[PDB]
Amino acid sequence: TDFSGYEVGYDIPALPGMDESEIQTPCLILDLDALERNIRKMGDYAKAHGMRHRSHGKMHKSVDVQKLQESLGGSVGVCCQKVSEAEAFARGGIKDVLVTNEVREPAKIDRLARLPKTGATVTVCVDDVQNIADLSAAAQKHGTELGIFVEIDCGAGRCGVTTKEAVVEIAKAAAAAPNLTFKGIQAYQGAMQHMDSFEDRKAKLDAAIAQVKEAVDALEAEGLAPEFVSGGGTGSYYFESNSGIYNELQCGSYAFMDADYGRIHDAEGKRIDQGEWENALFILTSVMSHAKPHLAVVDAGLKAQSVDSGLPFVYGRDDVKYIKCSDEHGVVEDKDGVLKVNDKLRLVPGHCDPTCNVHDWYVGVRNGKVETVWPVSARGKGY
């Protein structure tokens, strides 16, 4: 780990060995103990249910976190939303990459078809039979093999096909196409993941499972039984795991957590951040103005995070409240005037994935010290 050329407080927030009080704000810290407990717990859950877990790299965009998910959580590989992101993971040594998305632009397809030359195994999703010919041609050009998932729109309304006939058509084309292998089904119900009610989420996944089952049966009737039936997120994984239809999970956010996931309820009606998953990702911020008696202004505003899923909150205390932000300022209510200039706070971000994607580093803290500083390997890699 050589950080030569970097400058703390200019292009990196900290270096291994620093005390946490020396970290430059605003930045992202990882509670390494809690991260590791989250990773172990999901890996144990998947194993106990006979499920593969392909950890989702779109969330943290970090080769180092993915390697920890593989070593400590038994993750079988990484999921990626974009080809450039996939390539960042493959260049970092990740050996099994699933692009949980469609790739259609010719230069993107060419880059995808080259990726296996890194030594990584590569699978991609398809929702348009016309895409098969392009992928096959590119794989033939580079002398590579690509795996194919057919993506089913099982309720999220994004990409994917909506009938079992469409699924069979794409799978048949994949099987017949040179240098492609039909590997199974992508069916991620992303739209239901943040419903507060466990029973509501169960009902949505019940419907997805029934649709996926019709597709599995149609494929089996054609001699194209899907090796993998892959999906599931931090708000649903128990349902895919109990289904006997899915055999691979794609959970991402559980490792870090955020406020929007944290507030949804488990089967007992308890917030999932109050027992199921721990907060491991925080924005560290400093108070930099307090001219009014009961308002503190901190240095983490919009550009240090996102607000697509609401505001962050101050972690570990309930006497102050993050209520507003502009681009480079956050306004924290301080009704008892207990915050002072240069005090530090930890914020749980509203939404982990976009927050991670506006930073270049994670400061991994343990026992009050900076133990690791990990690059956000795939930040901004949306091509």
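So that there is no doubt, residue numbering starts at 1 and follows the sequence shown.
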Of 240-248 and 136-144, which one has the bigger average CA B-factor?
136-144
The stretch whose C-alpha atoms carry the larger average B-factor in the entry, 57-65 or 333-341, is 333-341
Kindly indicate the residue among 210, 98, 291, 257 with the greatest C-alpha B-factor in the PDB record.
210
I'd like to know which of 297, 80, 175, 264 has the highest C-alpha temperature factor in the PDB entry.
175
Taking the chain's C-alpha temperature factors as the reference, tell me which third residue 38 falls into: lowest, middle or highest.
middle
Chain thirds of CA B-factor: placement of residue 88
lowest
By the record's CA B-factor, is residue 117 among the lowest, middle or highest third of residues in the chain?
highest
Going by the CA temperature factor in the PDB record, which third of the chain does residue 382 belong to: lowest, middle or highest?
lowest
State the tercile, meaning the lowest, middle or highest third, of residue 199 with respect to the CA B-factors recorded for its chain.
highest
